[PDB]
Structures are given as C-alpha cells and as structure tokens.
Amino acid sequence: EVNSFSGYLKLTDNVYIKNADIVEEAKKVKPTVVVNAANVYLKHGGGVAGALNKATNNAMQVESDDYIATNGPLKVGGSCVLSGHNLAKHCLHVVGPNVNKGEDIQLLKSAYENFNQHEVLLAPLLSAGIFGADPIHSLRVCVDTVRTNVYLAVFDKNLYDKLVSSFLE
Ligand SMILES: CC(C)[C@H](Nc1ncnc2[nH]c(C3=CCOC3)cc12)c1ccc2c(c1)S(=O)(=O)CCC2
C-alpha cells in the first residue's frame, strides 16, 4: 500500500521515529519521498548516501552526476528533487551542515525547511554521524522546523533510546 510505515513511535503530530536502516525502510514502505543526507556535489561515497546509492545499483550516482553537470553544486542548507529509483517515487537530496568540516550549525534549520515542500517523507537525522552535529540538537531542530509528516529512521538502538528519552524529558 501507500506510505505503509510500521513500528514508529509518534513524538509530535507530525514527527515519528524508528530504530531502523533507512534503506530497508525505503524497500518495505515504498515512500513517496526518501531524503538523502547529501553533500553539495552529490557524491554518494559512504554513510547514508552511499547505502541508498548502492541499493539503486549506482543509478542514483549517474543521475546525480548529470544533474550537477547541468545545474552546478547545491548550497549547504539546500536541496534538489531527483528520481527515487526502486526506493521511492522521489529522492529529496538535502545538504545539512558538516560541522566537522567547519560549516555553520545554523544552516541545519534551512536544511530541514526543505522537507516542508513534501507532504510525507522518510528521512535520516540530518547532520548526525560523521557530519558532527549533536544528534539531540538535530532532532529538536526537526521537531521545531518540519510541519509536514516526517518518519525518521535512526539505524542505532543506543542513539534511538537516547533521542526518545531526551524528547520525553
Ligand atoms: C546517526 C547514524 C546512526 C545515522 N545512520 C543511519 N541512519 C539511518 N539509516 C542508516 N543506514 C545506514 C547504512 C550504512 C551502511 O548500510 C546502511 C546508516 C544509517 C546517520 C544519520 C545521518 C548521517 C549519517 C549517519 S552519516 O552517514 O554518518 C553522515 C550524513 C548524516
């Protein structure tokens, strides 16, 4: 069926969260939109972006290279809509700031604002992992900024539990 999300915990009227791999969620749910945690040149070299690209058997990377050739790189805090391939109807490539590389944490609000152009999205926790943002802060920005229906997949039970505890304080 359409957007068949299961086993999520509803945090607010529009934010849900699950301990899950976003790739496995995209394969089972077939969401209208899957968010990729992209970089400005759409080079999906590892982490979340490498895993989504691998699940499309590199079709996502070829399409991203053609997009960059015609349009140039994205800006930090920006996004573009490309094909979802076998994972979704569309992939929304969003660039959150990479704090470990000196980018401004304030741009995380701009990054989440891109989600508001889509009614329902399956997404990762922006700027977390090796991008270096505090994951509790990233969830607070998501809850305060996103107004459409967002299903967050966080592939780590330890981090999932710390995020739910922090939200329910
Ligand atoms: C915080 C962690 C748990 C989270 N990881 C994930 N969150 C959700 N679905 C995931 N699948 C995988 C797989 C990796 C290999 O096969 C699938 C990772 C994973 C995450 C959240 C955002 C970011 C990253 C990582 S990053 O890739 O380090 C840099 C970009 C921002």
Side-chain angles (χ1 to χ4, degrees), residues 5 8 11-18 20-23 25-26 29 31-53 56 60-61 63-65 67-68 71-85 87-156 159-160 162-164 166-167:
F5 294 96
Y8 282 73
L11 300 179
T12 65
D13 285 357
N14 68 286
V15 176
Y16 302 80
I17 191 172
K18 190 177 181 179
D21 177 356
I22 192 173
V23 171
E25 285 299 297
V29 172
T32 298
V33 177
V34 62
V35 170
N36 176 35
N39 56 31
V40 298
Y41 283 94
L42 300 184
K43 279 305 183 187
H44 313 306
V48 170
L52 288 166
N53 177 52
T56 75
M60 172 181 292
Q61 186 67 75
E63 176 198 31
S64 294
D65 287 350
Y67 168 90
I68 294 285
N71 296 281
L74 295 176
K75 292 285 297 174
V76 179
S79 69
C80 72
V81 182
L82 298 173
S83 173
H85 304 277
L87 302 177
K89 176 170 179 156
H90 304 284
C91 179
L92 177 73
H93 296 267
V94 174
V95 181
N98 185 329
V99 162
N100 286 330
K101 291 300 150 55
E103 298 171 357
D104 187 359
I105 192 57
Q106 286 176 109
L107 289 167
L108 189 53
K109 178 163 212 53
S110 303
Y112 277 117
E113 275 172 353
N114 297 287
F115 289 27
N116 289 324
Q117 322 297 348
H118 298 283
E119 278 295 309
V120 57
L121 317 89
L122 169 58
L125 191 67
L126 303 178
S127 290
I130 66 152
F131 278 29
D134 182 326
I136 289 166
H137 175 60
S138 182
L139 176 62
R140 291 217 191 95
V141 177
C142 183
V143 166
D144 291 339
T145 305
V146 183
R147 308 273 79 107
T148 58
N149 303 301
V150 62
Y151 294 76
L152 293 166
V154 171
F155 195 25
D156 182 335
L159 177 59
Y160 172 87
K162 166 185 166 79
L163 288 171
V164 173
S166 148
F167 176 80

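Position 1 is the first residue of the sequence, and the numbers go up from there. These values consider heavy atoms only, across backbone and side chains, with no hydrogens, waters or symmetry-generated copies.
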Quiz item: Which pair of heavy atoms, one from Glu103 and one from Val76, lies closest together, and at what distance?
Solution: OE1-CG2, 3.7 Å
Practice problem: Sequence neighbours left out, what pairs pass side-chain hydrogen bond (donor to acceptor under 3.5 Å, both in side chains) with at least one residue falling in residues 121-138? | Solution: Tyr112-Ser138
Exercise. Taking the side chain as every heavy atom from C-beta outward, state whether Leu74 and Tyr67 have any atom pair closer than 4.5 Å.
Key: yes
Quiz item: Roughly how far, to the nearest 0.5 Å, is NZ of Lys162 from CD1 of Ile136?
Solution: 3.5 Å
Quiz prompt | Under the salt bridge (charged side-chain N to carboxylate O under 4.0 Å, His left out) test, residues paired with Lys43 that sit two or more places apart | solution = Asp65
Quiz item: Shortest non-hydrogen contact from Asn53 to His44?
Solution: CB-CB, 3.9 Å
Exercise. Side-chain contact test, heavy atoms from C-beta onward, threshold under 4.5 Å: evaluate it for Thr148 versus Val120 and give yes or no.
Key: no
Quiz item: Given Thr145 and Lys109, is the side chain to side chain donor-acceptor pair (under 3.5 Å) satisfied, shown in steps?
Solution: CA-CA 7 Å; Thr145 305; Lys109 178 163 212 53; 2.8 Å; yes
For residues 77-84, run the donor-acceptor check on the side chains, cut-off 3.5 Å, and write out each pair with its distance to 0.1 Å, sequence neighbours left out.
from  : atom 1 : to     : atom 2 : distance (Å)
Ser79 : OG     : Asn114 : OD1    : 2.8
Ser83 : OG     : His85  : N      : 3.0

Quiz prompt | Spacing of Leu92 atom CG and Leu122 atom CG [to the nearest 0.5 Å] | solution = 11.5 Å
Quiz item: Is there side-chain contact between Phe115 and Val94, with at least one heavy-atom pair below 4.5 Å?
Solution: yes
Practice problem: Answer yes or no: does atom CG of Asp13 have more than 12 heavy-atom neighbours from other residues, nucleotides or ligands under 6.0 Å? | Solution: no
Quiz prompt | Rounded distance [0.5 Å steps], CG in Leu163 versus CG in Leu152 | solution = 9.0 Å
Quiz item: About how many Å separate CG of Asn149 and CZ of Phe5, when rounded to the nearest 0.5 Å?
Solution: 9.5 Å
Exercise. Check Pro135 against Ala128 and note the closest heavy-atom contact, atom names and distance.
Key: CB-CB, 4.3 Å
Quiz item: Are side-chain heavy atoms of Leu11 and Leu139 found at a separation under 4.5 Å?
Solution: yes
Quiz item: Who pairs with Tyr16 by ring pair (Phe, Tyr, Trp, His ring centres under 6.0 Å), at least two apart in sequence or on another chain?
Solution: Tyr151
Quiz prompt | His93: side-chain hydrogen bond (donor to acceptor under 3.5 Å, both in side chains) partners, not counting sequence neighbours | solution = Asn36
Quiz item: Do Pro97 and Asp104 have side chains that get closer than 4.5 Å, going by heavy atoms?
Solution: no
Quiz item: At what distance, to the nearest 0.5 angstrom, does CG of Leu107 lie from CG of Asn98?
Solution: 12.0 Å
Practice problem: Heavy atoms only: give me the nearest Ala123-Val150 pair and the separation to one decimal. | Solution: CB-CG2, 4.0 Å
Exercise. May I ask you to test the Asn116-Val146 pair for a side-chain heavy-atom distance under 4.5 Å?
Key: yes
Quiz prompt | Minimum-distance pair of heavy atoms, taken over all atoms of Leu87 and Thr56 | solution = CD1-CG2, 3.7 Å
Quiz prompt | Pairwise distance OG1(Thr12) to CZ(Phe167) - rounded to 0.5 angstrom | solution = 5.5 Å
Quiz item: Which heavy-atom pair separates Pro124 from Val35 by the least distance, and what is that distance?
Solution: CD-O, 3.3 Å
Quiz prompt | Heavy-atom donor-acceptor pair, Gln61 side chain to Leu42 backbone, under 3.5 Å | solution = yes
Exercise. Applying side-chain hydrogen bond (donor to acceptor under 3.5 Å, both in side chains), name anything that partners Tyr41, two or more places apart in sequence or on another chain.
Key: none
